[PDB]
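Asker: Quick one: the structure is below, questions incoming.
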Amino acid sequence: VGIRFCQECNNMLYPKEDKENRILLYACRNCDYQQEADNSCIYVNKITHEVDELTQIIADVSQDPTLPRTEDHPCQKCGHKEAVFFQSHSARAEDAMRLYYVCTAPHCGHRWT
Amino acid sequence: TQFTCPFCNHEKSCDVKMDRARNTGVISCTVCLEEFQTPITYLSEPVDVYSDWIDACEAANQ
Amino acid sequence: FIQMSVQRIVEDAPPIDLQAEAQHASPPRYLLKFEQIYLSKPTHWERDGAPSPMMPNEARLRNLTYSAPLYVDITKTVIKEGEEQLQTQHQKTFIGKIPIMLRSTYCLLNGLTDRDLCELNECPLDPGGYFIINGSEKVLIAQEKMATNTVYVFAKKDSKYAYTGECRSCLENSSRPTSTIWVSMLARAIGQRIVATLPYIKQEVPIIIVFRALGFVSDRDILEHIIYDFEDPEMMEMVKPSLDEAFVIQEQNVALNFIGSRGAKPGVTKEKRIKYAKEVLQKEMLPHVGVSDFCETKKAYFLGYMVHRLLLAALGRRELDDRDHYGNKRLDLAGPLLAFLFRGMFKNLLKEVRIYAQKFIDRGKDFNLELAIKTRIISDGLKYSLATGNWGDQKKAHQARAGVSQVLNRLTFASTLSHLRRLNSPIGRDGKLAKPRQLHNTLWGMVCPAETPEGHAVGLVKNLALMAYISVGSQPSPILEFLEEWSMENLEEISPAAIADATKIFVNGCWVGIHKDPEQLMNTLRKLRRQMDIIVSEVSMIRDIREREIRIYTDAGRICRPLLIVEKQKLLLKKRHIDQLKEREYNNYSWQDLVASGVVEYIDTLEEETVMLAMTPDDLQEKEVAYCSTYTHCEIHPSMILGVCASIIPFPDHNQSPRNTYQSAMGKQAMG
Amino acid sequence: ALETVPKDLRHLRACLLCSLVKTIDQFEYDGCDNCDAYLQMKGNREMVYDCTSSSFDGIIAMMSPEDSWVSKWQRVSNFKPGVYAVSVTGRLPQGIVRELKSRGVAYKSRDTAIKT
Amino acid sequence: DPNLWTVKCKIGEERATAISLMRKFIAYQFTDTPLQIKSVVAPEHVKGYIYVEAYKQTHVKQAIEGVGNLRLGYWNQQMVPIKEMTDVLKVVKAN
Amino acid sequence: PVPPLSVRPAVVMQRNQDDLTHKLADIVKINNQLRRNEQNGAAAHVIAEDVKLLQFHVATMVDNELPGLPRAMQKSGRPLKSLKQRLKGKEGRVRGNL
DNA sequence: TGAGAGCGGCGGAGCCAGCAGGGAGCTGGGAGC
DNA sequence: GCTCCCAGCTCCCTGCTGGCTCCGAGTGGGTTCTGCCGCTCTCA
Ligand SMILES: [Zn+2]
Ligand SMILES: [Zn+2]
Ligand SMILES: [Zn+2]
Ligand SMILES: [Zn+2]
């Protein structure tokens, strides 16, 4: 996306066309500050919402006493046996019975599915 | 849409007309025929126009 | 109630100042300050005077009211136009008589021995806990309600709103009632704009106008309070619609006019509008976070958090709050109920005294405070509300909720015991919504599952578990002093740059601060509570891990139960504890010592969500096929999940559950 | 000048010539604020009874005799600020009326109440 | 011409209130905040209110401010109809 | 029309008059006031207020509950049982007594 | 004019009425002669 | 001066939002409660 604030007055830049050059520019509503765009993309919408939950998974969740932990699935990074596993919360998840594993050992923080 | 007139003090004697083409809100009294025009934004309500008219009347009286 | 709450209600009432009309002259001021209460033991006051102590049995026989007179001291300092102050004090001024609860710390039967009670024609087995009024027993049925100062996000069906976030806010039992505030997201031309329904405003206001009115004029500054991680494009693209709706108001004063114009009061002149809106934001919106000369930054942070919570719920990151989950419930017992009633009743007495004093000083002659106060208004008012059951002023008896303070059931001892332990949901009966009536999972160990009336009030009137204990509440000041020693920074000092990685600390619902290390702080707080040093046993501390909130609650009305503590798959209870307890008559080693030893803990529903329980230590904490290796607590005995009437059924696990309910109802009618 | 308003509601009378409403004691002591130069009502209770009548309809507070429409309606726009009744019923003695006419003061009845 | 308004007053006390109003006017006519109302009319058979003559209802509200008898009429005052003006002063009365 | 005593009987011991009799008293009392007031005073302003209160009392005799209007309340605040309330619904004259 | 006392007054669902916005269709002002 | 085509006014239609009424049948007990302040006139 690349949503970028005005350098001078700290406000959202709005996309705009420079018709003489047909060039996308980000311009403040309040000062004349302008910038050249680097993504031609303005509005992007993932309707299917195929969201990768591994971005939102936090390693600190490994400190949860109520979560189940197993050794059958070892870590691919450090090979540690212990790993805590849990499912998704959101209805938007593409797989209902998707299981997410977080490495139990401190500071590996490897997260996979 | 109605308000008490500030000049001829007649309740519900003020009517407000919204002209979005020219972006103006006009309030007219039906008794003393007092006319006031003030620009409006897309988010505007008759209470805003009444507020604008009362501020202008107070400013005119200093 | 009678120890702390009456005193704070009397003292926090504002002093009354009133002058004359300057008759012929067109006139002076005075203060009338109340300062300290003095409560007596119950006394007869028969026709002659000459007080003697009234025994509860005498009150029953002679249809008296077992009440105790209270006295307050008043200093009235009057200045006259000559610039001189005259300060007259009155001690032991008779305000009224409060009905007193039997076997309470102020009853005549407190601390008496069994032989003494038999001398007074009293039953030692009688548990007390009820009032005597006109010689009839009254029991204040506990009334449940939704918790306060906590953000709840719901999603109503078939309304113009997709999601609504509400926070019913209250101060420390101040005069103001619950000042609810709603933050709602519209249900999608272009959409998903966010509006606020704030008190004393006719129309909903977009959130960015409120933020502009609160003192934040820039755009990055406003966004910092709502989106804590600017690297999340989903939140940015979801909030920009409501942001572009506010493209036209770039200063505080215009937004202040915007709020003041939408007032329910008649809306006429600029500065009037400005002052009205500022007052609404200063006192009417969000009181629990602070009502002082400067709380704009703290208020803005809490409002931004509510919007952030709404966005998370609408994005599916979090789940909508459940209205039946007992963590969101609070129980008003005799204390809070009487306090709520007494607050308004004392205000009425002050108003009548003010009216009398004003009438006398209009002529400019002296007023007499002895005749100014009407001792009848408090005493007869309390007697009425506890004798009929209508909780409120008599003049509005239809508006007031009824059913509180029912006649104590005295058919069998089990009936008497059950009636004294009863919770009532203040929802309309004969309703077609069966969700509130269902047995929820969170009733485990706190509300008897078997015992409910089988008539039209199924699932609404519910009895209390045997080991359930309702918190009485305490001041959060010591916890606050402790917290900011342990590397905890208030909002006024932190920058929003580091607000994303750290955990947010809530105390009694108000966002107090932030801390960088969530784990070893919960350990420290747990140690303090197990040592009772600085944190009393009632305080409940809940760490949410997936969502970085960590919450601490000290309110009254939270229900909890005792549980055995486990350390590394081993109980903390040992043979020595049982040995000391078994000889308890000689060593006075009581349950309190067991709590102080760090062996048992009081857990409420919120903390029970984040705990790992064990049904029986020997049978569930052993080397076997591992199910869980991280048990945190253990249960003293499962049979404690039942109530009083359901704890007389032999082999209740060999019966169909409706039969248990019928026996619970029918045990109250067995003659004995 | 508070001398043109009553101090109490007992024994109030209205001047039959200018509708001024004062206590009979005020009429006895300081006379009529608008007719004493033509009546000499000071210090004469009997003359006060003759010229002022206890019986009247209404009370009007008058502040701006030159800036009041009620002053024009009541024909009291040339009188001193005071408490003025709406209608004063009665008539002066014939001798006093002839004396006023000889001086040049026309006597107009203040009883503006509609009869039947 | 200034407008007439009906100000709510205590029953049976309206007469003393009008006199008190006029007294206060005279006292305040020499101050920085004088009573800007014009006149007060108390007909014989009008109960519970007093007629007051002022150009603005704000003047009425400020002038009656501080009067105990007019506390009910402090918040709201009623515009007397113009055609009814002649009936404020109309008095009617053998048997 | 004012109904007979059978429609609005008065109890002997706790005479406490029927909820309808008190409304009748308000009606007749304000009627006399308006009658006398327009007979002599004829002030053209209090007539409007008198008419409004009389029309409110008449309406609330038959239908006590209205949208956007105050309910007539007996002393101790309990609203009066109007004729419509007497006759309407499950415990009424038709469905509960016929 | 003071005691006695008379009363004067101070939740939810689902049908009906109004309002607002939007076209087809008819009539005067200009287009050609 | 003639017929005729294009915009301005008339009509009906559709759609939408606010307002009123209903919510099982019987039965048995008990409890509280039926306004209050005072203000002016009369007998003494
Ligand atoms: Zn800029
Ligand atoms: Zn690993
Ligand atoms: Zn006007
Ligand atoms: Zn005179």
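Naming scheme: A, B, ... for chains in displayed order of the structure tokens; residues 1 onward per chain; ligands 1 onward as shown.
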Could the residues of chain C within 10 Å of chain E, counting only C-alpha atoms, be given as a VMD selection string, please?

Answerer: chain C and resid 20 to 26 358 to 359 362

Asker: Within 9 Å of ligand 2 (counting only C-alpha atoms (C1' of nucleotides) and all ligand atoms), which residues show up? I'd like them as a PyMOL selection string.

Answerer: chain A and resi 74-83+102-111

Asker: May I have the residues from that selection written out with N, CA, C and O atoms, as a PDB file, in the first residue's frame?

Answerer:
ATOM      1  N   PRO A  74       8.504 -31.369  15.295  1.00  0.00           N
ATOM      2  CA  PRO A  74       9.667 -30.584  15.712  1.00  0.00           C
ATOM      3  C   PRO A  74       9.804 -29.305  14.900  1.00  0.00           C
ATOM      4  O   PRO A  74       9.254 -29.163  13.806  1.00  0.00           O
ATOM      5  N   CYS A  75      10.553 -28.363  15.464  1.00  0.00           N
ATOM      6  CA  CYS A  75      10.825 -27.118  14.767  1.00  0.00           C
ATOM      7  C   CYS A  75      11.744 -27.368  13.577  1.00  0.00           C
ATOM      8  O   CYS A  75      12.711 -28.127  13.670  1.00  0.00           O
ATOM      9  N   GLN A  76      11.435 -26.729  12.448  1.00  0.00           N
ATOM     10  CA  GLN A  76      12.285 -26.857  11.274  1.00  0.00           C
ATOM     11  C   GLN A  76      13.528 -25.982  11.352  1.00  0.00           C
ATOM     12  O   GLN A  76      14.506 -26.254  10.649  1.00  0.00           O
ATOM     13  N   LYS A  77      13.514 -24.941  12.188  1.00  0.00           N
ATOM     14  CA  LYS A  77      14.681 -24.080  12.318  1.00  0.00           C
ATOM     15  C   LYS A  77      15.705 -24.667  13.282  1.00  0.00           C
ATOM     16  O   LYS A  77      16.837 -24.971  12.896  1.00  0.00           O
ATOM     17  N   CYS A  78      15.317 -24.843  14.543  1.00  0.00           N
ATOM     18  CA  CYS A  78      16.239 -25.272  15.585  1.00  0.00           C
ATOM     19  C   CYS A  78      16.055 -26.732  15.976  1.00  0.00           C
ATOM     20  O   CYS A  78      16.837 -27.241  16.786  1.00  0.00           O
ATOM     21  N   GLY A  79      15.050 -27.411  15.434  1.00  0.00           N
ATOM     22  CA  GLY A  79      14.872 -28.813  15.740  1.00  0.00           C
ATOM     23  C   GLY A  79      14.382 -29.093  17.139  1.00  0.00           C
ATOM     24  O   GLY A  79      14.442 -30.247  17.578  1.00  0.00           O
ATOM     25  N   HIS A  80      13.897 -28.084  17.856  1.00  0.00           N
ATOM     26  CA  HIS A  80      13.430 -28.304  19.214  1.00  0.00           C
ATOM     27  C   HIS A  80      12.139 -29.111  19.204  1.00  0.00           C
ATOM     28  O   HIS A  80      11.251 -28.883  18.377  1.00  0.00           O
ATOM     29  N   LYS A  81      12.059 -30.082  20.111  1.00  0.00           N
ATOM     30  CA  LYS A  81      10.927 -31.000  20.176  1.00  0.00           C
ATOM     31  C   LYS A  81       9.654 -30.292  20.635  1.00  0.00           C
ATOM     32  O   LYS A  81       8.642 -30.419  19.973  1.00  0.00           O
ATOM     33  N   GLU A  82       9.712 -29.526  21.718  1.00  0.00           N
ATOM     34  CA  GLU A  82       8.513 -28.952  22.316  1.00  0.00           C
ATOM     35  C   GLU A  82       7.968 -27.813  21.465  1.00  0.00           C
ATOM     36  O   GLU A  82       8.708 -26.907  21.072  1.00  0.00           O
ATOM     37  N   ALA A  83       6.666 -27.859  21.189  1.00  0.00           N
ATOM     38  CA  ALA A  83       5.998 -26.795  20.458  1.00  0.00           C
ATOM     39  C   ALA A  83       4.532 -26.752  20.859  1.00  0.00           C
ATOM     40  O   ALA A  83       3.882 -27.794  20.965  1.00  0.00           O
ATOM     41  N   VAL A 102       3.719 -22.878  17.526  1.00  0.00           N
ATOM     42  CA  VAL A 102       4.685 -21.886  17.979  1.00  0.00           C
ATOM     43  C   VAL A 102       5.770 -22.622  18.747  1.00  0.00           C
ATOM     44  O   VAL A 102       5.474 -23.381  19.679  1.00  0.00           O
ATOM     45  N   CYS A 103       7.043 -22.425  18.403  1.00  0.00           N
ATOM     46  CA  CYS A 103       8.153 -23.092  19.094  1.00  0.00           C
ATOM     47  C   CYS A 103       8.145 -22.759  20.600  1.00  0.00           C
ATOM     48  O   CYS A 103       8.078 -21.588  20.970  1.00  0.00           O
ATOM     49  N   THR A 104       8.210 -23.762  21.481  1.00  0.00           N
ATOM     50  CA  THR A 104       8.135 -23.522  22.938  1.00  0.00           C
ATOM     51  C   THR A 104       9.416 -22.893  23.495  1.00  0.00           C
ATOM     52  O   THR A 104       9.352 -22.103  24.436  1.00  0.00           O
ATOM     53  N   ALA A 105      10.587 -23.235  22.942  1.00  0.00           N
ATOM     54  CA  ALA A 105      11.877 -22.745  23.433  1.00  0.00           C
ATOM     55  C   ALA A 105      12.028 -21.217  23.277  1.00  0.00           C
ATOM     56  O   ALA A 105      11.655 -20.668  22.233  1.00  0.00           O
ATOM     57  N   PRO A 106      12.603 -20.513  24.271  1.00  0.00           N
ATOM     58  CA  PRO A 106      12.748 -19.062  24.233  1.00  0.00           C
ATOM     59  C   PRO A 106      13.638 -18.590  23.075  1.00  0.00           C
ATOM     60  O   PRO A 106      14.679 -19.178  22.777  1.00  0.00           O
ATOM     61  N   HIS A 107      13.230 -17.491  22.443  1.00  0.00           N
ATOM     62  CA  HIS A 107      13.952 -16.762  21.391  1.00  0.00           C
ATOM     63  C   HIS A 107      14.203 -17.485  20.049  1.00  0.00           C
ATOM     64  O   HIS A 107      14.810 -16.889  19.157  1.00  0.00           O
ATOM     65  N   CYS A 108      13.689 -18.703  19.821  1.00  0.00           N
ATOM     66  CA  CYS A 108      13.533 -19.214  18.447  1.00  0.00           C
ATOM     67  C   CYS A 108      12.413 -18.442  17.742  1.00  0.00           C
ATOM     68  O   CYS A 108      12.607 -17.908  16.650  1.00  0.00           O
ATOM     69  N   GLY A 109      11.239 -18.373  18.387  1.00  0.00           N
ATOM     70  CA  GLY A 109      10.060 -17.671  17.877  1.00  0.00           C
ATOM     71  C   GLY A 109       9.561 -18.164  16.514  1.00  0.00           C
ATOM     72  O   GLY A 109       8.763 -17.466  15.886  1.00  0.00           O
ATOM     73  N   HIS A 110      10.028 -19.325  16.030  1.00  0.00           N
ATOM     74  CA  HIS A 110       9.566 -19.854  14.755  1.00  0.00           C
ATOM     75  C   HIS A 110       8.093 -20.224  14.843  1.00  0.00           C
ATOM     76  O   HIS A 110       7.661 -20.881  15.794  1.00  0.00           O
ATOM     77  N   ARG A 111       7.310 -19.783  13.862  1.00  0.00           N
ATOM     78  CA  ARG A 111       5.857 -19.980  13.774  1.00  0.00           C
ATOM     79  C   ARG A 111       5.537 -20.589  12.414  1.00  0.00           C
ATOM     80  O   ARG A 111       6.003 -20.067  11.402  1.00  0.00           O
TER      81      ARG A 111
END

Asker: Measuring atom to atom with only C-alpha atoms (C1' of nucleotides), identify which of F:16, F:75, F:69, F:40 is nearest to chain G.

Answerer: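 Answer, going by the shortest atom-to-atom distance: F:75.
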
Asker: Using only C-alpha atoms, determine which residues of chain E fall within 10 Å of chain B; present them as a list in words.

Answerer: residues 3, 55, 56, 57 and 79 of chain E

Asker: Mind dumping the selected residues with C-alpha atoms as a PDB file, in the first residue's frame?

Answerer:
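And here is the file that came out, again-v5.pdb:
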ATOM      1  CA  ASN E   3     -43.485  43.320  23.511  1.00  0.00           C
ATOM      2  CA  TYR E  55     -38.406  44.376  23.594  1.00  0.00           C
ATOM      3  CA  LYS E  56     -36.550  41.087  24.197  1.00  0.00           C
ATOM      4  CA  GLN E  57     -37.413  38.034  26.267  1.00  0.00           C
ATOM      5  CA  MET E  79     -45.514  36.123  23.852  1.00  0.00           C
TER       6      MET E  79
END

Asker: Skip residue 52 (chain A) itself and residues of its chain fewer than 5 positions away, then list as a list in words all residues within 12 Å of it, counting only C-alpha atoms (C1' of nucleotides).

Answerer: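 That gives residues 57, 88, 90, 92, 93, 94, 95, 98, 100, 111, 112 and 113 of chain A.
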
Asker: Residues of chain C were defined as contacting chain B if any atom lay at most 12 Å from it, counting only C-alpha atoms; please report them as a ChimeraX atom specification.

Answerer: /C:202-203,205-206,209,244-249,254-255,257-264,266-274

Asker: Atoms to include: C-alpha atoms. Write the selected residues as a CSV table (one decimal), in the first residue's frame.

Answerer:
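And here is the file that came out, part_0.csv:
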chain,number,residue,atom,x,y,z
C,202,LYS,CA,-29.2,15.0,20.5
C,203,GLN,CA,-27.4,13.6,17.4
C,205,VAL,CA,-21.1,12.8,16.2
C,206,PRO,CA,-18.3,11.5,14.0
C,209,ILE,CA,-14.9,15.6,15.4
C,244,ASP,CA,-12.4,11.8,5.2
C,245,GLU,CA,-15.9,12.5,6.6
C,246,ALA,CA,-14.2,15.1,8.9
C,247,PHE,CA,-12.2,16.9,6.1
C,248,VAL,CA,-14.0,20.3,6.9
C,249,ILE,CA,-13.3,20.9,10.7
C,254,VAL,CA,-15.4,24.7,15.3
C,255,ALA,CA,-15.7,21.2,16.7
C,257,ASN,CA,-19.5,24.6,18.3
C,258,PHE,CA,-20.4,21.4,16.5
C,259,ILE,CA,-21.0,19.6,19.8
C,260,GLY,CA,-22.7,22.4,21.5
C,261,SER,CA,-25.2,23.0,18.7
C,262,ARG,CA,-26.4,19.4,18.9
C,263,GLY,CA,-27.2,19.9,22.7
C,264,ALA,CA,-30.7,19.0,24.0
C,266,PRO,CA,-32.1,25.4,23.6
C,267,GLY,CA,-29.1,26.3,21.3
C,268,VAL,CA,-28.6,30.1,20.8
C,269,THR,CA,-25.2,32.0,21.4
C,270,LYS,CA,-21.6,31.1,20.6
C,271,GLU,CA,-19.8,31.1,23.9
C,272,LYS,CA,-22.9,29.4,25.5
C,273,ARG,CA,-22.4,26.5,23.0
C,274,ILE,CA,-18.6,26.4,23.7
